[PDB]
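Just one chain follows, in the form deposited in one PDB entry, and it is written as structure tokens.
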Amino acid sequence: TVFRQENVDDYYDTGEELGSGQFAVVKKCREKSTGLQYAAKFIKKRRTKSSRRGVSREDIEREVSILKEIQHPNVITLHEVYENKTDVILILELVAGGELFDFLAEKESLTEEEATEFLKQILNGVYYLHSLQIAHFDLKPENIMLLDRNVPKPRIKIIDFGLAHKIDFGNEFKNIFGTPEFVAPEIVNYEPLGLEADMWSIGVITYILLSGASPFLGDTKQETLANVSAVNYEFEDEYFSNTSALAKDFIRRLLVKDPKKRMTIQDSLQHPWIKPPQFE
């Protein structure tokens, strides 16, 4: 698909840099015709077919295609897409409350109520995605944003659909790989992937929300990946002594090696606790 090739600067004014990635930079912007604000994600294109630098057209179009289909309170929306010789520019819904990653860094540890407040929104967003057979594949604190972090119960939106894929055949087999700390065993072992991988990531996020500690984190990437594959984690008493057994039960049913035995997004919403790259 070809995108708008007029100079983005003729329709938008950019400002503060919101975030960055290996092949992308995100900047706050303002559309001239409406005065409304957005987050412009500039993704670097590949200059040749056989190159490591930049993102392939196929990968950019996949992210755009997925974004165009979604509309839900807990997921980011796509406003427009521009492009030029060097970048494809996605004009995304702005989430100005910062990364959950930074919010957690400033508060250390949350209560189970604060944790479930965040988790319930994350689950609702993932429920929406999984309902459309969309696997996110990159769920982690830096890919979850707060609309306003100066509120007791911040609302969130899932962002970064750079690894997202449609799972119309139940599974995708293409070496998709994210951040060692959050990837599921099937990703580590390069096996067919499905919506189940996201549920594992949710388990890791929950563990972090409740303790401020990462379950599989090692001193090196290989150590982390080895820990993940062996499901090498435990609930340290120093961190979980005052955490309910139900909270641990929730986590335990997500951090399951066999994708088929892992809780599904629907299971997670009905669970008693809730129910009301990778290289050297």
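Throughout, we count residues from 1 along the sequence that is shown. Between two forms, the rigid core is defined as the largest C-alpha subset superposing within 1.5 Å.
> Relative to the other PDB entries of this protein in the set, is residue 198 coordinate-less in at least a third?
No: coordinates for residue 198 present in every compared entry.
> At least a third of the other compared entries lacking residue 114?
Per the records, residue 114 is modelled in all the other entries.
> Indicate whether the chain is continuous between residue 276 and residue 277 or, if not, how many deposited residues are absent from the coordinates: none, 1 to 3, 4 to 9, or 10 or more.
The entry leaves 10 or more residues without coordinates here.
> Look over 52-60 and 227-235 in the entry and identify the one with the greater average Cα temperature factor.
Mean C-alpha B-factor is greater for 52-60.
> Look up the CA B-factors in the entry and say which stretch, 141-149 or 197-205, has the higher mean.
If you average the C-alpha B-factors of 197-205 and of 141-149, the larger mean comes out for 141-149.
> Whose CA atom has the top B-factor in the entry, of 165, 157, 130, 85?
Among 165, 157, 130, 85, the PDB entry lists the largest C-alpha B-factor for 85.
> In terms of the chain's CA B-factor thirds, is residue 263 lowest, middle or highest?
For residue 263, whose C-alpha B-factor we compare with every modelled residue in the chain, the answer is the lowest third.
> What third of its chain's C-alpha B-factors does residue 45 belong to: lowest, middle or highest?
According to the entry, residue 45 has a C-alpha B-factor in the chain's middle third.
> For residue 269, does the deposited CA B-factor place it in the lowest, middle or highest third of the chain?
Tercile = lowest for this residue's CA B-factor.
> Can you work out whether the C-alpha temperature factor of residue 174 puts it in the lowest, middle or highest third of the chain?
Tercile = highest for this residue's CA B-factor.
> Please place residue 120 in the lowest, middle or highest third of its chain according to the CA B-factor in the PDB entry.
Ranked within chain, residue 120 CA B lands in the middle tercile.
We do not show the form deposited in another entry, though everything after this point is about it.
> When the rigid core is used for the superposition, does residue 109 move between this form and the one not shown (threshold: C-alpha shift of 2 Å or more)?
Moves: yes, 2 Å or greater.
> Using the core for the fit, does the CA position of residue 131 change by 2 Å or more between this form and the one not shown?
No, because once the rigid core is superposed, the C-alpha of residue 131 moves less than 2 Å between this form and the one not shown.
> So with the core overlaid, does the Cα of residue 172 end up 2 Å or more away between this form and the one not shown?
Residue 172: C-alpha displaced by 2 Å or more between this form and the one not shown.
> How does the CA gap of residue 92 and residue 171 change in that other deposited form versus this form, closer or farther, if it moves 3 angstroms or more?
So the answer is farther.
> Work out whether the Cα atoms of residue 151 and residue 36 come closer together or move farther apart in that other deposited form than they are in this form, the change being 3 angstroms or more.
Closer together, by at least 3 Å.
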